[PDB]
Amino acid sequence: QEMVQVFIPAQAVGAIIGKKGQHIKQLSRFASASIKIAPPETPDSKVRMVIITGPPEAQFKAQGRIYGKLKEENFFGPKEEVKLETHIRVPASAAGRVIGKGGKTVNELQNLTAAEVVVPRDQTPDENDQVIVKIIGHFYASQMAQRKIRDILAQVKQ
């Protein structure tokens, strides 16, 4: 049961919601996921944040449909991969294991998946004592990086 934040080009909100919400309802139906779009913290925001809640199966479908819908609506193209920024919140206790001794873990993640993976250093944990990992990649890359991070996280629970 994960939660993920996906930043999409602001001009794509319409496409992602649909006429009278048709598409977003259609997209959660298809993914079985909570899919809320946050209002902008700021008037002229560049991106808008999609918040997606559900288990990995649902994350995969929902995220895939978002990347995919952006391709369709030609916000990227045509010989251009959709790259999106994605945040996941993680136990502030565990985030050091994600970087690894000498940043060798996060290094390998990027090598394996080709996603940029950043743990902004020294952040200030939220209410639930979590910090963010940033992931920028094409679809398959960001999912692979996610799965692996969640792997790492599971281990720390030992």
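Position 1 is the first residue in the sequence shown; the rest follow in order.
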Legend entry - Per the entry, higher mean C-alpha B factor between 89-97 and 64-72: 89-97
Inset, instruction - Quick one: say whether 123-131 or 51-59 has the higher mean Cα B-factor in the deposited entry. - result: 123-131
Legend entry - Highest-ranked of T105, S45, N111, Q26 once sorted by CA temperature factor in the record: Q26
Legend entry - Among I17, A10, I136, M144 - the residue whose C-alpha B-factor is largest in the record: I17
Inset, instruction - Check where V4 lands among this chain's C-alpha B-factors and tell me if it's the lowest, middle or highest third. - result: lowest
